[PDB]
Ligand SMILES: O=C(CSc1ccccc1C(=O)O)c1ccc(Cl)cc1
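The data below hold one chain only, encoded as structure tokens and taken in the form deposited without this ligand.
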């Protein structure tokens, strides 16, 4: 009263995992996510600027993704300030597509509970998810600590909705997120950043297909926070 920031005084800001799924198996019938490569390239340079050690894995299967995050939580994070994961794929509420079929997000993040990844205790664990969480469209108008503590989920959309994307400019959430980080990534606290992000995708974007049933639609991101302190990317 006051109270404040997460300790950022470490050799490393932290590791960042970017899973970019563009092509899926015929079995699933899901379409190619053209423009996601443009999203991933943008995310790559931004999180690098912040100070993350970015790594991009392409078209992963459910096992790959599961195993990929499992090992991450097994690495030693003592010299890291935080951890970040960016998921780029098709998805359905509570789920993200892999090249295979489908995987519950809960299991991806689960590996970081405070009792399953001790080098990350009392440290922020960030997950940015760019995926659908349903198919609806927004049509328009006018001491001891909780193993579940210190997580942050920045979903590109609200539960049950579709997540928009430009084949040329990339997905809406990503495009907007990278713009705010580029201008304030090292100036505002996470919630301020993710808030300005919500404002852009909400005001500065509006769909536009020839088919009428998807015209002039809108989208609003969903930020889910279990963070216990303010987070800045600049000691």
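Only residues modelled in both forms are compared. Just so we're on the same page, rigid core means the largest C-alpha set that superposes within 1.5 Å between forms. Positions refer to the first chain, counted from 1.
Below, we refer to the form solved in complex with this ligand, which is not included among the displayed structures.
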Tell me, yes or no, whether residue 109 is in contact with this ligand in the entry with it bound, where a contact means a heavy atom of each within 4.5 Å. yes
Given that the partner is absent here, does residue 164 sit within 4.5 Å of this ligand in the entry with it bound, heavy atoms only? no
Just checking whether residue 97 would be counted as a contact of this ligand in the entry with it bound - the rule being heavy atoms within 4.5 angstroms. no
So, residue 76 and this ligand: in the entry with it bound, are they within 4.5 Å at any heavy atom pair? no
Moving stretches between this form and the one not shown on a rigid-core fit: which runs of at least three residues all have C-alpha shifts of 2 Å or more? 1 to 3
